[PDB]
file final_5.tsv (TSV, N, CA and C atoms)
chain	number	residue	atom	x	y	z
A	1	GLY	N	0.83	-1.24	0.00
A	1	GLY	CA	0.00	0.00	0.00
A	1	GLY	C	0.84	1.26	0.00
A	2	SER	N	0.90	1.93	-1.15
A	2	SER	CA	1.68	3.16	-1.27
A	2	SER	C	1.27	3.94	-2.52
A	3	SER	N	1.89	5.09	-2.73
A	3	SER	CA	1.60	5.93	-3.89
A	3	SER	C	2.87	6.57	-4.43
A	4	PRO	N	2.92	6.81	-5.75
A	4	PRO	CA	4.09	7.43	-6.40
A	4	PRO	C	4.26	8.90	-6.01
A	5	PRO	N	5.31	9.22	-5.23
A	5	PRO	CA	5.57	10.59	-4.79
A	5	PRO	C	6.22	11.44	-5.88
A	6	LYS	N	5.49	12.44	-6.36
A	6	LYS	CA	5.99	13.33	-7.40
A	6	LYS	C	6.83	14.44	-6.81
A	7	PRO	N	7.66	15.06	-7.65
A	7	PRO	CA	8.54	16.11	-7.21
A	7	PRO	C	7.79	17.30	-6.62
A	8	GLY	N	8.53	18.19	-5.97
A	8	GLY	CA	7.93	19.35	-5.35
A	8	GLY	C	7.84	19.17	-3.84
A	9	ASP	N	8.70	18.30	-3.33
A	9	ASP	CA	8.75	17.97	-1.93
A	9	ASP	C	9.76	16.86	-1.77
A	10	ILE	N	9.44	15.90	-0.95
A	10	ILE	CA	10.33	14.80	-0.76
A	10	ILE	C	10.18	13.82	-1.94
A	11	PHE	N	11.13	13.92	-2.86
A	11	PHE	CA	11.16	13.09	-4.05
A	11	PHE	C	12.43	12.24	-4.09
A	12	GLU	N	12.33	10.99	-4.52
A	12	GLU	CA	13.50	10.13	-4.61
A	12	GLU	C	13.79	9.78	-6.07
A	13	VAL	N	15.05	9.53	-6.45
A	13	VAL	CA	15.32	9.22	-7.83
A	13	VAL	C	16.07	7.92	-7.95
A	14	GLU	N	15.39	6.92	-8.46
A	14	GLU	CA	16.00	5.63	-8.61
A	14	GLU	C	16.11	5.17	-10.06
A	15	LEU	N	17.31	4.80	-10.44
A	15	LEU	CA	17.62	4.25	-11.76
A	15	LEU	C	18.69	3.18	-11.63
A	16	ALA	N	18.64	2.19	-12.49
A	16	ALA	CA	19.62	1.13	-12.48
A	16	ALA	C	20.50	1.28	-13.69
A	17	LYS	N	21.81	1.40	-13.48
A	17	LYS	CA	22.71	1.59	-14.62
A	17	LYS	C	22.31	0.69	-15.77
A	18	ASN	N	21.47	1.24	-16.64
A	18	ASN	CA	20.97	0.48	-17.79
A	18	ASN	C	21.00	1.32	-19.06
A	19	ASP	N	20.31	2.45	-19.03
A	19	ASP	CA	20.26	3.35	-20.17
A	19	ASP	C	20.76	4.70	-19.73
A	20	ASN	N	20.40	5.01	-18.51
A	20	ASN	CA	20.80	6.22	-17.85
A	20	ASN	C	20.48	6.07	-16.39
A	21	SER	N	21.20	6.79	-15.56
A	21	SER	CA	20.96	6.70	-14.13
A	21	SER	C	21.67	7.86	-13.46
A	22	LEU	N	21.65	8.97	-14.19
A	22	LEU	CA	22.30	10.19	-13.79
A	22	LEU	C	22.33	11.12	-15.00
A	23	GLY	N	22.88	12.31	-14.83
A	23	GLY	CA	23.03	13.22	-15.94
A	23	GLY	C	22.90	14.64	-15.49
A	24	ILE	N	23.43	14.91	-14.33
A	24	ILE	CA	23.34	16.24	-13.77
A	24	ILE	C	24.70	16.85	-13.51
A	25	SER	N	24.76	18.17	-13.60
A	25	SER	CA	25.96	18.89	-13.34
A	25	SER	C	25.89	19.43	-11.93
A	26	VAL	N	26.76	18.93	-11.07
A	26	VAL	CA	26.75	19.35	-9.68
A	26	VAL	C	27.82	20.38	-9.40
A	27	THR	N	27.61	21.15	-8.33
A	27	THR	CA	28.52	22.22	-7.95
A	27	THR	C	28.29	23.43	-8.86
A	28	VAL	N	27.30	23.30	-9.74
A	28	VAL	CA	26.95	24.35	-10.67
A	28	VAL	C	26.20	25.47	-9.97
A	29	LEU	N	25.29	25.11	-9.06
A	29	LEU	CA	24.55	26.10	-8.32
A	29	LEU	C	25.00	26.05	-6.89
A	30	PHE	N	25.71	24.99	-6.59
A	30	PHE	CA	26.23	24.76	-5.28
A	30	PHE	C	27.73	24.44	-5.33
A	31	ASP	N	28.32	24.13	-4.19
A	31	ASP	CA	29.74	23.82	-4.12
A	31	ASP	C	29.99	22.33	-4.38
A	32	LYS	N	28.93	21.53	-4.29
A	32	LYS	CA	29.02	20.09	-4.52
A	32	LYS	C	27.67	19.41	-4.34
A	33	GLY	N	26.61	20.01	-4.87
A	33	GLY	CA	25.29	19.43	-4.73
A	33	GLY	C	24.99	19.11	-3.27
A	34	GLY	N	25.09	17.82	-2.91
A	34	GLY	CA	24.83	17.38	-1.55
A	34	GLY	C	25.67	18.10	-0.51
A	35	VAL	N	25.27	17.99	0.76
A	35	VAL	CA	25.95	18.64	1.87
A	35	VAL	C	24.97	18.70	3.03
A	36	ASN	N	24.96	19.79	3.76
A	36	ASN	CA	24.01	20.00	4.81
A	36	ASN	C	23.72	21.47	4.75
A	37	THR	N	23.99	21.98	3.53
A	37	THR	CA	23.88	23.37	3.20
A	37	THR	C	23.38	24.25	4.35
A	38	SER	N	22.24	23.89	4.92
A	38	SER	CA	21.65	24.64	6.02
A	38	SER	C	20.32	24.03	6.43
A	39	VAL	N	20.36	22.75	6.73
A	39	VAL	CA	19.18	22.01	7.13
A	39	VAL	C	19.60	20.80	7.95
A	40	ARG	N	18.63	19.98	8.34
A	40	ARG	CA	18.92	18.80	9.15
A	40	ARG	C	18.74	17.51	8.35
A	41	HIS	N	18.98	17.60	7.05
A	41	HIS	CA	18.84	16.43	6.17
A	41	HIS	C	19.96	16.38	5.15
A	42	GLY	N	20.43	17.55	4.77
A	42	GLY	CA	21.48	17.66	3.79
A	42	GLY	C	21.31	18.91	2.97
A	43	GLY	N	20.90	18.74	1.72
A	43	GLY	CA	20.66	19.91	0.89
A	43	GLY	C	21.41	19.99	-0.44
A	44	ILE	N	21.18	19.05	-1.35
A	44	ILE	CA	21.85	19.12	-2.67
A	44	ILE	C	21.31	20.25	-3.53
A	45	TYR	N	22.23	21.04	-4.03
A	45	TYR	CA	21.89	22.13	-4.93
A	45	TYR	C	22.66	21.97	-6.22
A	46	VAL	N	21.95	22.03	-7.34
A	46	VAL	CA	22.56	21.74	-8.61
A	46	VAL	C	21.90	22.41	-9.83
A	47	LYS	N	22.35	21.99	-11.03
A	47	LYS	CA	21.73	22.46	-12.28
A	47	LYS	C	20.67	21.44	-12.61
A	48	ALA	N	20.87	20.28	-11.99
A	48	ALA	CA	20.03	19.16	-12.03
A	48	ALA	C	20.24	18.31	-13.27
A	49	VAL	N	19.18	17.76	-13.82
A	49	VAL	CA	19.30	16.84	-14.91
A	49	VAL	C	19.55	17.41	-16.28
A	50	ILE	N	20.45	16.68	-16.94
A	50	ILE	CA	20.88	16.93	-18.29
A	50	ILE	C	19.68	17.25	-19.19
A	51	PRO	N	19.93	17.83	-20.38
A	51	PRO	CA	18.86	18.18	-21.31
A	51	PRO	C	18.36	17.00	-22.12
A	52	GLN	N	19.26	16.08	-22.32
A	52	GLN	CA	18.98	14.88	-23.09
A	52	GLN	C	18.50	13.72	-22.22
A	53	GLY	N	17.95	14.03	-21.05
A	53	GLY	CA	17.45	12.99	-20.17
A	53	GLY	C	18.41	12.57	-19.08
A	54	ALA	N	19.07	11.43	-19.29
A	54	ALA	CA	20.02	10.89	-18.34
A	54	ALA	C	19.48	10.92	-16.90
A	55	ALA	N	20.06	11.73	-16.00
A	55	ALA	CA	19.56	11.80	-14.62
A	55	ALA	C	18.09	12.10	-14.66
A	56	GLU	N	17.74	12.90	-15.64
A	56	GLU	CA	16.36	13.29	-15.87
A	56	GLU	C	15.53	12.01	-16.02
A	57	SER	N	16.19	10.99	-16.55
A	57	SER	CA	15.62	9.66	-16.71
A	57	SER	C	15.68	9.01	-15.35
A	58	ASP	N	16.81	9.22	-14.67
A	58	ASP	CA	16.96	8.76	-13.30
A	58	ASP	C	15.87	9.45	-12.51
A	59	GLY	N	15.40	10.58	-13.06
A	59	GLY	CA	14.37	11.34	-12.40
A	59	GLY	C	14.93	12.05	-11.21
A	60	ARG	N	15.99	12.80	-11.44
A	60	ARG	CA	16.65	13.55	-10.39
A	60	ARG	C	16.60	15.01	-10.74
A	61	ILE	N	15.38	15.49	-10.92
A	61	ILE	CA	15.15	16.81	-11.32
A	61	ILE	C	14.97	17.78	-10.19
A	62	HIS	N	15.54	18.95	-10.43
A	62	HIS	CA	15.47	20.09	-9.54
A	62	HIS	C	16.86	20.68	-9.37
A	63	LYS	N	17.06	21.84	-9.95
A	63	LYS	CA	18.34	22.52	-9.86
A	63	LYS	C	18.40	23.33	-8.58
A	64	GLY	N	19.23	22.91	-7.63
A	64	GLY	CA	19.28	23.66	-6.39
A	64	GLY	C	18.12	23.31	-5.51
A	65	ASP	N	18.40	22.56	-4.46
A	65	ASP	CA	17.35	22.12	-3.54
A	65	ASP	C	17.94	21.40	-2.33
A	66	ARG	N	17.09	20.74	-1.52
A	66	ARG	CA	17.64	20.05	-0.36
A	66	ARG	C	17.21	18.59	-0.16
A	67	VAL	N	18.16	17.70	-0.39
A	67	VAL	CA	18.06	16.30	-0.23
A	67	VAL	C	18.25	15.80	1.16
A	68	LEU	N	17.46	14.81	1.47
A	68	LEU	CA	17.59	14.15	2.74
A	68	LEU	C	18.68	13.10	2.61
A	69	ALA	N	18.61	12.27	1.55
A	69	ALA	CA	19.63	11.27	1.30
A	69	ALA	C	20.02	11.31	-0.16
A	70	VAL	N	21.26	10.99	-0.45
A	70	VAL	CA	21.73	10.96	-1.82
A	70	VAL	C	22.29	9.58	-2.11
A	71	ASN	N	22.08	9.11	-3.32
A	71	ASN	CA	22.51	7.77	-3.71
A	71	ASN	C	22.08	6.74	-2.68
A	72	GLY	N	21.14	7.13	-1.82
A	72	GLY	CA	20.68	6.22	-0.79
A	72	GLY	C	21.26	6.55	0.56
A	73	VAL	N	22.38	7.27	0.57
A	73	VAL	CA	23.00	7.67	1.82
A	73	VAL	C	22.38	8.98	2.26
A	74	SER	N	22.19	9.15	3.55
A	74	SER	CA	21.61	10.39	4.03
A	74	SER	C	22.72	11.41	4.03
A	75	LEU	N	22.60	12.47	3.22
A	75	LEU	CA	23.63	13.44	3.18
A	75	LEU	C	23.24	14.55	4.08
A	76	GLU	N	23.40	14.32	5.35
A	76	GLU	CA	23.06	15.33	6.30
A	76	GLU	C	24.29	16.17	6.59
A	77	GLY	N	25.08	16.40	5.55
A	77	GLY	CA	26.31	17.13	5.69
A	77	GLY	C	27.49	16.19	5.59
A	78	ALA	N	27.20	14.96	5.16
A	78	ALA	CA	28.21	13.94	5.00
A	78	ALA	C	29.02	14.19	3.75
A	79	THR	N	28.35	14.33	2.59
A	79	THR	CA	29.03	14.55	1.35
A	79	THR	C	30.43	14.08	1.42
A	80	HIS	N	31.34	15.02	1.62
A	80	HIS	CA	32.74	14.69	1.68
A	80	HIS	C	32.94	13.32	1.04
A	81	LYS	N	32.66	12.27	1.79
A	81	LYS	CA	32.74	10.94	1.24
A	81	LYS	C	31.48	10.49	0.46
A	82	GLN	N	30.37	10.44	1.20
A	82	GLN	CA	29.09	9.90	0.69
A	82	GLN	C	28.32	10.71	-0.32
A	83	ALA	N	28.02	11.95	-0.01
A	83	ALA	CA	27.18	12.71	-0.94
A	83	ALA	C	27.88	13.20	-2.15
A	84	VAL	N	29.00	13.78	-1.94
A	84	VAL	CA	29.78	14.28	-3.03
A	84	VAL	C	30.20	13.13	-3.91
A	85	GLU	N	30.59	12.04	-3.27
A	85	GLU	CA	31.01	10.86	-4.00
A	85	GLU	C	29.90	10.34	-4.88
A	86	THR	N	28.68	10.42	-4.39
A	86	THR	CA	27.57	9.88	-5.15
A	86	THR	C	27.33	10.70	-6.41
A	87	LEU	N	27.52	12.01	-6.30
A	87	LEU	CA	27.34	12.88	-7.45
A	87	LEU	C	28.29	12.44	-8.56
A	88	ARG	N	29.52	12.15	-8.15
A	88	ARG	CA	30.55	11.70	-9.08
A	88	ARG	C	30.38	10.25	-9.48
A	89	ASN	N	29.84	9.43	-8.59
A	89	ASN	CA	29.70	8.03	-8.92
A	89	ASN	C	28.32	7.64	-9.39
A	90	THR	N	27.37	8.54	-9.23
A	90	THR	CA	25.99	8.30	-9.64
A	90	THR	C	25.95	7.56	-10.98
A	91	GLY	N	24.84	6.90	-11.25
A	91	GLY	CA	24.72	6.17	-12.50
A	91	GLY	C	24.76	4.66	-12.32
A	92	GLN	N	25.88	4.13	-11.82
A	92	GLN	CA	26.02	2.68	-11.60
A	92	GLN	C	24.68	2.10	-11.16
A	93	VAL	N	24.01	2.86	-10.31
A	93	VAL	CA	22.75	2.57	-9.80
A	93	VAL	C	22.48	3.59	-8.73
A	94	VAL	N	21.57	4.49	-9.02
A	94	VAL	CA	21.34	5.56	-8.14
A	94	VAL	C	19.95	5.58	-7.56
A	95	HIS	N	19.95	5.84	-6.31
A	95	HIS	CA	18.73	5.99	-5.53
A	95	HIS	C	18.82	7.22	-4.65
A	96	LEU	N	17.96	8.21	-4.89
A	96	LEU	CA	18.01	9.41	-4.15
A	96	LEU	C	16.74	9.84	-3.52
A	97	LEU	N	16.89	10.31	-2.30
A	97	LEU	CA	15.79	10.89	-1.58
A	97	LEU	C	16.05	12.37	-1.42
A	98	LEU	N	15.23	13.18	-2.06
A	98	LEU	CA	15.38	14.64	-2.03
A	98	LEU	C	14.25	15.33	-1.31
A	99	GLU	N	14.56	16.49	-0.77
A	99	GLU	CA	13.55	17.29	-0.09
A	99	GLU	C	13.47	18.68	-0.68
A	100	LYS	N	12.37	18.92	-1.37
A	100	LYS	CA	12.12	20.18	-2.03
A	100	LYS	C	11.92	21.31	-1.04
A	101	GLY	N	12.90	22.21	-1.00
A	101	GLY	CA	12.82	23.35	-0.11
A	101	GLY	C	13.51	24.56	-0.69
A	102	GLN	N	13.40	24.69	-2.01
A	102	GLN	CA	14.01	25.80	-2.73
A	102	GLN	C	13.52	27.14	-2.20
A	103	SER	N	13.87	28.21	-2.90
A	103	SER	CA	13.46	29.55	-2.49
A	103	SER	C	12.99	30.38	-3.70
A	104	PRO	N	13.91	30.76	-4.60
A	104	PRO	CA	13.56	31.55	-5.78
A	104	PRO	C	12.72	30.80	-6.77
A	105	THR	N	12.22	31.53	-7.74
A	105	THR	CA	11.36	30.95	-8.73
A	105	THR	C	12.08	29.87	-9.53
A	106	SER	N	11.45	29.41	-10.60
A	106	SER	CA	12.03	28.38	-11.45
A	106	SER	C	13.10	28.96	-12.37
A	107	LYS	N	13.18	30.29	-12.43
A	107	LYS	CA	14.17	30.96	-13.27
A	107	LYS	C	14.76	32.17	-12.56
A	108	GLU	N	13.90	32.98	-11.96
A	108	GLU	CA	14.34	34.18	-11.24
A	108	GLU	C	14.77	33.83	-9.82
call {"tool": "encode", "arguments": {"input": "final_5.tsv", "output": "structure tokens"}}
result
Amino acid sequence: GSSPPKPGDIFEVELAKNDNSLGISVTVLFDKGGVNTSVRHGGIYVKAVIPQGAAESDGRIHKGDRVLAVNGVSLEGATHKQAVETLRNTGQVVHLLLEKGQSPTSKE
């Protein structure tokens, strides 16, 4: 008993290294996507998913935001090893739990 959680809040992105399982540019809006930017869960901020799908296929959309866990690991400021590493290692098989808590508009 469950329901598919859509983006705009706590969204997770799962893909199995098959066709795509990543495709985002990190540190673009942030210093390294995941972190603990300023919350109690983490806080990945990015450009998000590539234009040609990829992570977008992984369904890891949202440029600049706050993740609870990345690649499955809770990036509550862990990054260094876990979160940042996942950004770089993403794809093999990625599972992400994100928490939508942006501020500015979708462009402004």
call {"tool": "closest_residue", "arguments": {"input": "final_5.tsv", "among": "A:74, A:27, A:57, A:52", "to": "residue 97 of chain A", "atoms": "all atoms listed in the file"}}
result
A:74
call {"tool": "residues_around", "arguments": {"input": "final_5.tsv", "residues": "segment 82-86 of chain A", "least_positions_apart": "3", "cutoff": "7 Å", "atoms": "only N, CA and C atoms", "output": "list in words"}}
result
residues 32, 33, 34, 35, 70, 71, 73, 74, 75, 78, 79, 89, 90 and 91 of chain A
call {"tool": "atom_distance", "arguments": {"input": "final_5.tsv", "atom1": "atom C of residue 28 of chain A", "atom2": "atom C of residue 15 of chain A"}}
result
23.6 Å
call {"tool": "residues_around", "arguments": {"input": "final_5.tsv", "residues": "residue 43 of chain A", "least_positions_apart": "2", "cutoff": "8 Å", "atoms": "only N, CA and C atoms", "output": "list in words"}}
result
residues 32, 33, 34, 35, 36, 37, 38, 39, 40, 41, 45, 46, 64, 65, 66, 67, 68, 69, 74, 75, 76, 77, 98 and 99 of chain A
call {"tool": "residues_near_point", "arguments": {"input": "final_5.tsv", "point": "(18.5, 6.9, -14.4)", "cutoff": "8 Å", "atoms": "all atoms listed in the file", "output": "PDB file with N, CA and C atoms, in the coordinates of the input"}}
result
ATOM      1  N   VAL A  13      15.050   9.530  -6.450  1.00  0.00           N
ATOM      2  CA  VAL A  13      15.320   9.220  -7.830  1.00  0.00           C
ATOM      3  C   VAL A  13      16.070   7.920  -7.950  1.00  0.00           C
ATOM      4  N   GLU A  14      15.390   6.920  -8.460  1.00  0.00           N
ATOM      5  CA  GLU A  14      16.000   5.630  -8.610  1.00  0.00           C
ATOM      6  C   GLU A  14      16.110   5.170 -10.060  1.00  0.00           C
ATOM      7  N   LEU A  15      17.310   4.800 -10.440  1.00  0.00           N
ATOM      8  CA  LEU A  15      17.620   4.250 -11.760  1.00  0.00           C
ATOM      9  C   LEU A  15      18.690   3.180 -11.630  1.00  0.00           C
ATOM     10  N   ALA A  16      18.640   2.190 -12.490  1.00  0.00           N
ATOM     11  CA  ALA A  16      19.620   1.130 -12.480  1.00  0.00           C
ATOM     12  C   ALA A  16      20.500   1.280 -13.690  1.00  0.00           C
ATOM     13  N   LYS A  17      21.810   1.400 -13.480  1.00  0.00           N
ATOM     14  CA  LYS A  17      22.710   1.590 -14.620  1.00  0.00           C
ATOM     15  C   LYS A  17      22.310   0.690 -15.770  1.00  0.00           C
ATOM     16  N   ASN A  18      21.470   1.240 -16.640  1.00  0.00           N
ATOM     17  CA  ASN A  18      20.970   0.480 -17.790  1.00  0.00           C
ATOM     18  C   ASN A  18      21.000   1.320 -19.060  1.00  0.00           C
ATOM     19  N   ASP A  19      20.310   2.450 -19.030  1.00  0.00           N
ATOM     20  CA  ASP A  19      20.260   3.350 -20.170  1.00  0.00           C
ATOM     21  C   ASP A  19      20.760   4.700 -19.730  1.00  0.00           C
ATOM     22  N   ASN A  20      20.400   5.010 -18.510  1.00  0.00           N
ATOM     23  CA  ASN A  20      20.800   6.220 -17.850  1.00  0.00           C
ATOM     24  C   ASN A  20      20.480   6.070 -16.390  1.00  0.00           C
ATOM     25  N   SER A  21      21.200   6.790 -15.560  1.00  0.00           N
ATOM     26  CA  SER A  21      20.960   6.700 -14.130  1.00  0.00           C
ATOM     27  C   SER A  21      21.670   7.860 -13.460  1.00  0.00           C
ATOM     28  N   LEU A  22      21.650   8.970 -14.190  1.00  0.00           N
ATOM     29  CA  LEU A  22      22.300  10.190 -13.790  1.00  0.00           C
ATOM     30  C   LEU A  22      22.330  11.120 -15.000  1.00  0.00           C
ATOM     31  N   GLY A  23      22.880  12.310 -14.830  1.00  0.00           N
ATOM     32  CA  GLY A  23      23.030  13.220 -15.940  1.00  0.00           C
ATOM     33  C   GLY A  23      22.900  14.640 -15.490  1.00  0.00           C
ATOM     34  N   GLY A  53      17.950  14.030 -21.050  1.00  0.00           N
ATOM     35  CA  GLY A  53      17.450  12.990 -20.170  1.00  0.00           C
ATOM     36  C   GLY A  53      18.410  12.570 -19.080  1.00  0.00           C
ATOM     37  N   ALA A  54      19.070  11.430 -19.290  1.00  0.00           N
ATOM     38  CA  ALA A  54      20.020  10.890 -18.340  1.00  0.00           C
ATOM     39  C   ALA A  54      19.480  10.920 -16.900  1.00  0.00           C
ATOM     40  N   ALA A  55      20.060  11.730 -16.000  1.00  0.00           N
ATOM     41  CA  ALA A  55      19.560  11.800 -14.620  1.00  0.00           C
ATOM     42  C   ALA A  55      18.090  12.100 -14.660  1.00  0.00           C
ATOM     43  N   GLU A  56      17.740  12.900 -15.640  1.00  0.00           N
ATOM     44  CA  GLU A  56      16.360  13.290 -15.870  1.00  0.00           C
ATOM     45  C   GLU A  56      15.530  12.010 -16.020  1.00  0.00           C
ATOM     46  N   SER A  57      16.190  10.990 -16.550  1.00  0.00           N
ATOM     47  CA  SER A  57      15.620   9.660 -16.710  1.00  0.00           C
ATOM     48  C   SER A  57      15.680   9.010 -15.350  1.00  0.00           C
ATOM     49  N   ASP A  58      16.810   9.220 -14.670  1.00  0.00           N
ATOM     50  CA  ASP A  58      16.960   8.760 -13.300  1.00  0.00           C
ATOM     51  C   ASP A  58      15.870   9.450 -12.510  1.00  0.00           C
ATOM     52  N   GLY A  59      15.400  10.580 -13.060  1.00  0.00           N
ATOM     53  CA  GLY A  59      14.370  11.340 -12.400  1.00  0.00           C
ATOM     54  C   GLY A  59      14.930  12.050 -11.210  1.00  0.00           C
ATOM     55  N   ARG A  60      15.990  12.800 -11.440  1.00  0.00           N
ATOM     56  CA  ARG A  60      16.650  13.550 -10.390  1.00  0.00           C
ATOM     57  C   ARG A  60      16.600  15.010 -10.740  1.00  0.00           C
ATOM     58  N   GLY A  91      24.840   6.900 -11.250  1.00  0.00           N
ATOM     59  CA  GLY A  91      24.720   6.170 -12.500  1.00  0.00           C
ATOM     60  C   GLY A  91      24.760   4.660 -12.320  1.00  0.00           C
ATOM     61  N   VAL A  93      24.010   2.860 -10.310  1.00  0.00           N
ATOM     62  CA  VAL A  93      22.750   2.570  -9.800  1.00  0.00           C
ATOM     63  C   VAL A  93      22.480   3.590  -8.730  1.00  0.00           C
ATOM     64  N   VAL A  94      21.570   4.490  -9.020  1.00  0.00           N
ATOM     65  CA  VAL A  94      21.340   5.560  -8.140  1.00  0.00           C
ATOM     66  C   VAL A  94      19.950   5.580  -7.560  1.00  0.00           C
TER      67      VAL A  94
END
call {"tool": "atom_distance", "arguments": {"input": "final_5.tsv", "atom1": "atom CA of residue 1 of chain A", "atom2": "atom CA of residue 100 of chain A"}}
result
23.6 Å
call {"tool": "select_by_dssp", "arguments": {"input": "final_5.tsv", "residues": "chain A", "states": "strand (DSSP E)", "output": "compact mmCIF listing (two decimals) with N, CA and C atoms, keeping the file's coordinate frame"}}
result
# COMPACT_ATOMS: atom_id res chain seq x y z
N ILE A 10 9.44 15.90 -0.95
CA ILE A 10 10.33 14.80 -0.76
C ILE A 10 10.18 13.82 -1.94
N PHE A 11 11.13 13.92 -2.86
CA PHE A 11 11.16 13.09 -4.05
C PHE A 11 12.43 12.24 -4.09
N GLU A 12 12.33 10.99 -4.52
CA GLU A 12 13.50 10.13 -4.61
C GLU A 12 13.79 9.78 -6.07
N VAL A 13 15.05 9.53 -6.45
CA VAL A 13 15.32 9.22 -7.83
C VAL A 13 16.07 7.92 -7.95
N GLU A 14 15.39 6.92 -8.46
CA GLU A 14 16.00 5.63 -8.61
C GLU A 14 16.11 5.17 -10.06
N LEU A 15 17.31 4.80 -10.44
CA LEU A 15 17.62 4.25 -11.76
C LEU A 15 18.69 3.18 -11.63
N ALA A 16 18.64 2.19 -12.49
CA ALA A 16 19.62 1.13 -12.48
C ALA A 16 20.50 1.28 -13.69
N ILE A 24 23.43 14.91 -14.33
CA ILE A 24 23.34 16.24 -13.77
C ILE A 24 24.70 16.85 -13.51
N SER A 25 24.76 18.17 -13.60
CA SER A 25 25.96 18.89 -13.34
C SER A 25 25.89 19.43 -11.93
N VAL A 26 26.76 18.93 -11.07
CA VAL A 26 26.75 19.35 -9.68
C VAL A 26 27.82 20.38 -9.40
N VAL A 46 21.95 22.03 -7.34
CA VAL A 46 22.56 21.74 -8.61
C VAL A 46 21.90 22.41 -9.83
N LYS A 47 22.35 21.99 -11.03
CA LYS A 47 21.73 22.46 -12.28
C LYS A 47 20.67 21.44 -12.61
N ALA A 48 20.87 20.28 -11.99
CA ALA A 48 20.03 19.16 -12.03
C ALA A 48 20.24 18.31 -13.27
N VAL A 49 19.18 17.76 -13.82
CA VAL A 49 19.30 16.84 -14.91
C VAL A 49 19.55 17.41 -16.28
N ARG A 66 17.09 20.74 -1.52
CA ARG A 66 17.64 20.05 -0.36
C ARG A 66 17.21 18.59 -0.16
N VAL A 67 18.16 17.70 -0.39
CA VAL A 67 18.06 16.30 -0.23
C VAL A 67 18.25 15.80 1.16
N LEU A 68 17.46 14.81 1.47
CA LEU A 68 17.59 14.15 2.74
C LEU A 68 18.68 13.10 2.61
N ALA A 69 18.61 12.27 1.55
CA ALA A 69 19.63 11.27 1.30
C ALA A 69 20.02 11.31 -0.16
N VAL A 70 21.26 10.99 -0.45
CA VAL A 70 21.73 10.96 -1.82
C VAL A 70 22.29 9.58 -2.11
N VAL A 73 22.38 7.27 0.57
CA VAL A 73 23.00 7.67 1.82
C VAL A 73 22.38 8.98 2.26
N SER A 74 22.19 9.15 3.55
CA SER A 74 21.61 10.39 4.03
C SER A 74 22.72 11.41 4.03
N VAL A 93 24.01 2.86 -10.31
CA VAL A 93 22.75 2.57 -9.80
C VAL A 93 22.48 3.59 -8.73
N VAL A 94 21.57 4.49 -9.02
CA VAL A 94 21.34 5.56 -8.14
C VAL A 94 19.95 5.58 -7.56
N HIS A 95 19.95 5.84 -6.31
CA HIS A 95 18.73 5.99 -5.53
C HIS A 95 18.82 7.22 -4.65
N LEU A 96 17.96 8.21 -4.89
CA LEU A 96 18.01 9.41 -4.15
C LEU A 96 16.74 9.84 -3.52
N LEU A 97 16.89 10.31 -2.30
CA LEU A 97 15.79 10.89 -1.58
C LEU A 97 16.05 12.37 -1.42
N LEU A 98 15.23 13.18 -2.06
CA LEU A 98 15.38 14.64 -2.03
C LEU A 98 14.25 15.33 -1.31
N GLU A 99 14.56 16.49 -0.77
CA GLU A 99 13.55 17.29 -0.09
C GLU A 99 13.47 18.68 -0.68
call {"tool": "atom_distance", "arguments": {"input": "final_5.tsv", "atom1": "atom C of residue 87 of chain A", "atom2": "atom N of residue 103 of chain A"}}
result
22.1 Å
call {"tool": "build_atoms", "arguments": {"input": "final_5.tsv", "residues": "segment 15-23 of chain A", "atoms": "N, CA, C and O atoms", "output": "PDB file, in the coordinates of the input"}}
result
ATOM      1  N   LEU A  15      17.310   4.800 -10.440  1.00  0.00           N
ATOM      2  CA  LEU A  15      17.620   4.250 -11.760  1.00  0.00           C
ATOM      3  C   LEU A  15      18.690   3.180 -11.630  1.00  0.00           C
ATOM      4  O   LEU A  15      19.561   3.274 -10.760  1.00  0.00           O
ATOM      5  N   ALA A  16      18.640   2.190 -12.490  1.00  0.00           N
ATOM      6  CA  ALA A  16      19.620   1.130 -12.480  1.00  0.00           C
ATOM      7  C   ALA A  16      20.500   1.280 -13.690  1.00  0.00           C
ATOM      8  O   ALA A  16      19.992   1.328 -14.808  1.00  0.00           O
ATOM      9  N   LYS A  17      21.810   1.400 -13.480  1.00  0.00           N
ATOM     10  CA  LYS A  17      22.710   1.590 -14.620  1.00  0.00           C
ATOM     11  C   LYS A  17      22.310   0.690 -15.770  1.00  0.00           C
ATOM     12  O   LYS A  17      22.721  -0.464 -15.867  1.00  0.00           O
ATOM     13  N   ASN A  18      21.470   1.240 -16.640  1.00  0.00           N
ATOM     14  CA  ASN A  18      20.970   0.480 -17.790  1.00  0.00           C
ATOM     15  C   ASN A  18      21.000   1.320 -19.060  1.00  0.00           C
ATOM     16  O   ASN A  18      21.643   0.952 -20.046  1.00  0.00           O
ATOM     17  N   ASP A  19      20.310   2.450 -19.030  1.00  0.00           N
ATOM     18  CA  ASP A  19      20.260   3.350 -20.170  1.00  0.00           C
ATOM     19  C   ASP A  19      20.760   4.700 -19.730  1.00  0.00           C
ATOM     20  O   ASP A  19      21.490   5.391 -20.440  1.00  0.00           O
ATOM     21  N   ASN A  20      20.400   5.010 -18.510  1.00  0.00           N
ATOM     22  CA  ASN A  20      20.800   6.220 -17.850  1.00  0.00           C
ATOM     23  C   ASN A  20      20.480   6.070 -16.390  1.00  0.00           C
ATOM     24  O   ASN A  20      19.596   5.301 -16.011  1.00  0.00           O
ATOM     25  N   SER A  21      21.200   6.790 -15.560  1.00  0.00           N
ATOM     26  CA  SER A  21      20.960   6.700 -14.130  1.00  0.00           C
ATOM     27  C   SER A  21      21.670   7.860 -13.460  1.00  0.00           C
ATOM     28  O   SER A  21      22.229   7.746 -12.373  1.00  0.00           O
ATOM     29  N   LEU A  22      21.650   8.970 -14.190  1.00  0.00           N
ATOM     30  CA  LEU A  22      22.300  10.190 -13.790  1.00  0.00           C
ATOM     31  C   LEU A  22      22.330  11.120 -15.000  1.00  0.00           C
ATOM     32  O   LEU A  22      21.936  10.714 -16.087  1.00  0.00           O
ATOM     33  N   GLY A  23      22.880  12.310 -14.830  1.00  0.00           N
ATOM     34  CA  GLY A  23      23.030  13.220 -15.940  1.00  0.00           C
ATOM     35  C   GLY A  23      22.900  14.640 -15.490  1.00  0.00           C
ATOM     36  O   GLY A  23      22.318  15.468 -16.176  1.00  0.00           O
TER      37      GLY A  23
END
